[PDB]
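Q: pasting the first bit of my complex, frame unchanged:
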Amino acid sequence: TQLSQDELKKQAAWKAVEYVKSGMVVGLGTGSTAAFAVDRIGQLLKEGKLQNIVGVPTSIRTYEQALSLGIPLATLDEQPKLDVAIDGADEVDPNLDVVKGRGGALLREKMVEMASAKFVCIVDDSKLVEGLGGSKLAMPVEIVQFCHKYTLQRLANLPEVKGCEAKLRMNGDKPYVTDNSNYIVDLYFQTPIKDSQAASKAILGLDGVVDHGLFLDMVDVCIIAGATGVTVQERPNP
């Protein structure tokens, strides 16, 4: 009630930075919640409370932010194994399966976080969903440019996502393009995806798809900030 969404995001972020220890290679997430964690890491480095940190950014925005804070930076090519990654999420379900990449940086986030021994996800409690898709907001699929209308229709008609709407993401007059020159088809649900693993496999199995925003069996710890306080949720059913 008194705590704004931004204040909750920052509370979750600071709790997550407690998983960062001196000497670690850290995956630096993207978006407004992650930006609070990047700033906290930068602050702690400046204060000498952390030392010998290398960050791997997941977006141009994060690269620029971390560079401005003086955080040493590397790429996955240079540091292919990360100790901890901290990132936000667009949706979090009761399994700690998440939708990510809605705002961009989908594949980079996925590749960095798959390379991380511990993935700490930070959210305010508005990101909790009954099931993936349940926010009714975009669930992104990265696709090749060739025959993108065909692929969009193919996606919308996959049994595993039956009932969704699908829209090619536009950047004004031109289709939006990812870091890898691919297009995005956003899927929109009115009820959650029933079997997220089956949906992930079916979408990846579609020739023409590069990747998608279902980040399954990846998050190890979710930090959830809400009006009542901050909850640290280890992944259920280990």
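A: It's in. Residues are numbered from 1 along each chain as shown, chains lettered A, B, ... in the order given.

Q: from here on, contacts and neighbour counts on C-alpha atoms
A: OK.

Q: Checking residue A:210 next. Helix, strand or coil?
A: The three-state label for residue A:210, taken from DSSP: H, G, I helix; E, B strand; the rest coil, comes out as strand.

Q: and it, what is it in contact with?
A: By Cα atoms under 8 Å, 6 or more residues apart in numbering, residue A:210 lies in contact with A:141-144, A:204.

Q: let's see 10 Å
A: Contacts for residue A:210 (Cα atoms under 10 Å, 6 or more residues apart in numbering) come out as A:107, A:141-144, A:180, A:182-184, A:203-204.

Q: how does chain A divide up, domain by domain?
A: What curated CATH domains lists as the domains of chain A is A:1-125+A:205-226, A:126-204.

Q: Quickly compare those domains and say which is most buried.
A: For the domains of chain A, average neighbour numbers computed from mean count of other Cα atoms under 10 Å are highest in domain A:1-125+A:205-226, which has a mean of 20.

Q: ok, and the closest non-adjacent residue to residue A:137?
A: Among residues not flanking residue A:137 along the chain, residue A:188 sits closest, at 5.8 Å (Cα to Cα, 6 or more residues apart in numbering).

Q: From the opening residue of stretch A:179-196 to its closing one, how far?
A: End-to-end distance for stretch A:179-196: 25 Å, by Cα to Cα, to the nearest Å.

Q: From the chain's centroid, how far away is that stretch?
A: Taking Cα atoms, centre = their mean, to the nearest Å, one finds the center of stretch A:179-196 at 13 Å from the center of the full chain.

Q: Then stretch A:205-212?
A: On Cα atoms, centre = their mean, the centre of stretch A:205-212 falls 18 Å from the chain's centre.

Q: How about stretch A:76-88?
A: 13 Å.

Q: can you check stretch A:221-229 too?
A: Using Cα atoms, centre = their mean, the offset of stretch A:221-229 from its chain centre is 17 Å.

Q: which residues of chain A fall in helices?
A: Counting by DSSP state H, the segments of chain A that form helices are A:5-17, A:32-46, A:60-69, A:106-114, A:148-156, A:196-205.

Q: Which among those helices is found nearest to residue A:215?
A: Closest to residue A:215 of those is helix A:106-114 (Cα to Cα; 7.3 Å).

Q: Grab the nearest non-local neighbour of residue A:216.
A: residue A:97 (4.8 Å).

Q: from what I can see that neighbour touches residue A:235, true?
A: Yes. Residue A:97 lies in contact with residue A:235 (Cα atoms under 10 Å); the separation is 9.2 Å.

Q: Sequence for chain B below, add it please:
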Amino acid sequence: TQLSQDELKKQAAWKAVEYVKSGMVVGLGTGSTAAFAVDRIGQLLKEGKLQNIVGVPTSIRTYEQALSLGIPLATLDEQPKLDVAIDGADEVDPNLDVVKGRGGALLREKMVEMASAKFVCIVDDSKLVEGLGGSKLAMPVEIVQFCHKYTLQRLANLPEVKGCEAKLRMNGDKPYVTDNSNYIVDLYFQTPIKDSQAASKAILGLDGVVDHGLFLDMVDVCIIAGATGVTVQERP
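A: The block that follows adds chain B to the chains above:
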């Protein structure tokens, strides 16, 4: 004996074009074998032997070839259902599972041929293998450019292929770029892949991978030209 590899390829190609009937939407393959079939379709149209054909090219190269022949063209966006697709293969195993993409066009070939009611594969008999990977030549994987060095190492270490060699495909001193602006990592095996379906799943499951050259449960008919003559094998 007297027949050269190119002559065998053309024999297979001409036999495959017999599956093309007036009225059809036809997937047009890529590579030297398929090019003979594209040229034959174009000839038959010019001669009036075929009518009402639309072609759907699997590469920029084949688009250009069909353009030069006057074959009406479309894409899956306009013709999502094809009647017949004719294409080559790098390896053909006993069940008509194949490896493709040595020419770079695996992705669009896969999309086009997956949309085709009948996929006719044309080869000379040097392409037949007992098991996929068994040619000891490239099993291609199309990957995104971002951190491709990283992706190549992850690819090489997947349980399903671990043991192979993995090489970023080069065009001289620069990496090869596909029609989709991606790179290719070619995997090289000394013995056939243990489980091609499992290898397909694992490779597709690797974030950074676009698609790969294992074309499983796709070919319906394989036309094989060898010194003895032309053989027609339907899917077991």
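
Q: Same as before for the contacts of residue A:210, with chain B this time.
A: Neighbouring residues of residue A:210 by Cα atoms under 10 Å, 6 or more residues apart in numbering or on different chains: A:107, A:141-144, A:180, A:182-184, A:203-204, B:143-144, B:204, B:207-211.

Q: Likewise for residue A:29?
A: Per Cα under 10 Å, 6+ apart, neighbours of residue A:29: A:35, A:37-38, A:55-59, A:61-63, A:85-89, A:105, A:108-109, A:112-113, A:120-122.

Q: gap between residue A:31 and chain B?
A: Residue A:31 sits 20 Å away from chain B, going by Cα to the nearest Cα, to the nearest Å.

Q: Provide a list of residues in contact with that residue.
A: A:58-59, A:61-62, A:87-90, A:101-105.

Q: What about those residues, which are in strands?
A: residue A:87 (DSSP state E).

Q: what does chain A have sitting close to chain B?
A: Residues of chain A that fall close to chain B, judged by Cα under 10 Å from any Cα of the partner chain: A:75-80, A:107-108, A:110-112, A:114, A:142-154, A:179-182, A:200-201, A:204-212.

Q: let's see it at 7 Å
A: For chain A, the residues in contact with chain B (Cα under 7 Å from any Cα of the partner chain) are A:76-77, A:80, A:111, A:147, A:149-150, A:180, A:204, A:207-211.

Q: Which elements pack onto the lengthiest strand in chain A?
A: The strand that spans the most residues within chain A, counting by DSSP E, is strand A:116-124. In terms of contacts (3 or more Cα pairs under 7 Å, 6 or more residues apart in numbering or on different chains; DSSP states H and E), strand A:116-124 is packed against helix A:5-17, strand A:82-87, strand A:221-226.

Q: Contacts made by stretch A:78-90 with the rest, please.
A: Outside stretch A:78-90, the residues that touch it by Cα atoms under 7 Å, 6 or more residues apart in numbering or on different chains are A:20, A:24-31, A:33-34, A:98-100, A:102, A:113, A:115-123, A:127, B:150.

Q: swap in stretch A:101-118?
A: Here stretch A:101-118 has contacts from A:27, A:29, A:58-59, A:76, A:80-85, A:90, A:100, A:119, A:138-140, A:211, A:213, A:218, A:220, B:207, using Cα under 7 Å, 6+ apart.

Q: cutoff 6 Å now
A: For stretch A:101-118, contacts defined as Cα atoms under 6 Å, 6 or more residues apart in numbering or on different chains pick out A:58-59, A:81-85, A:140, A:213, A:220.

Q: how far out from the middle of the chain is that stretch?
A: 6 Å.

Q: what residues are up against residue A:93?
A: Contacts of residue A:93 by Cα under 6 Å, 6+ apart are A:129-131.
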